[PDB]
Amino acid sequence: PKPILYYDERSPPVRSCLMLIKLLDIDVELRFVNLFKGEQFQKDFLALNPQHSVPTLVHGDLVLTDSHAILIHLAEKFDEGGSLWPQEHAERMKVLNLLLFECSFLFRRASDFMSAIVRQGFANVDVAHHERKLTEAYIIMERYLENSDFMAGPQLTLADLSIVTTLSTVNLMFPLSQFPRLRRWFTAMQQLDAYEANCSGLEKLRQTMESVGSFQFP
């Protein structure tokens, strides 16, 4: 059976998988789960994924509930011998390391910020606090780009697909003008054919956040 992707394109990790699917021409069945209507708490989805999160991939009997596992799985199954998920161990571990940075550092802080807006309202969020936390992530990625054109080396990898969607989401609020390597990389990422898979969900998140948060991004 072809893979089934439960998704809401406002989620940046969803968009990372949509970019990989477009990049590799994967035939996938999309199933929309509206996160802002709480559809991730519907009994059948909770039974499928008790973490009530998207993306969720069902591929045969395999149920994956984290975008980084989905990216790796789809690359191994549909891009064997490719460069997005390098076959050499040291290069593959460097891509793994940056995928985990995205999960544990960049996305955690992006989620902390966006969730604060939803819960407290934009007017009541400590914006300076989150600006510092996310600017630190900008600084780290700027250092990661010192020796290489991409996040994990000289070529595009799953690490770039995972990072770019969250960064574009944080970039809604905090510009990249003070980070030259990072701004050039982000501009280069926007030139990919596959980057088109990010545009629609980013704009939907922009307008959903502005309405729910009762504000407007700069």
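Note that residue numbering follows the sequence shown and begins at 1.
Remark: stretch with higher mean C-alpha B factor among 133-141 and 104-112 is 133-141. Comparing the deposited coordinates for 154-162 and 60-68, the stretch with the larger average C-alpha B-factor is 154-162. Comparing the listed residues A188, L30, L46, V33, the entry records the largest Cα B-factor for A188. Among all modelled residues in this chain, the alpha-carbon of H89 has a temperature factor (C-alpha) in the highest third. Ranked against the other modelled residues of its chain, the C-alpha B-factor of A194 as given in the entry falls in the highest third. Ranked within its chain, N171 lands in the middle third, by CA B factor from the PDB record. In the PDB entry, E9 places in the lowest third of its chain by CA B-factor. When the modelled residues of the chain are ordered by their C-alpha B factor, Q40 lands in the middle third.
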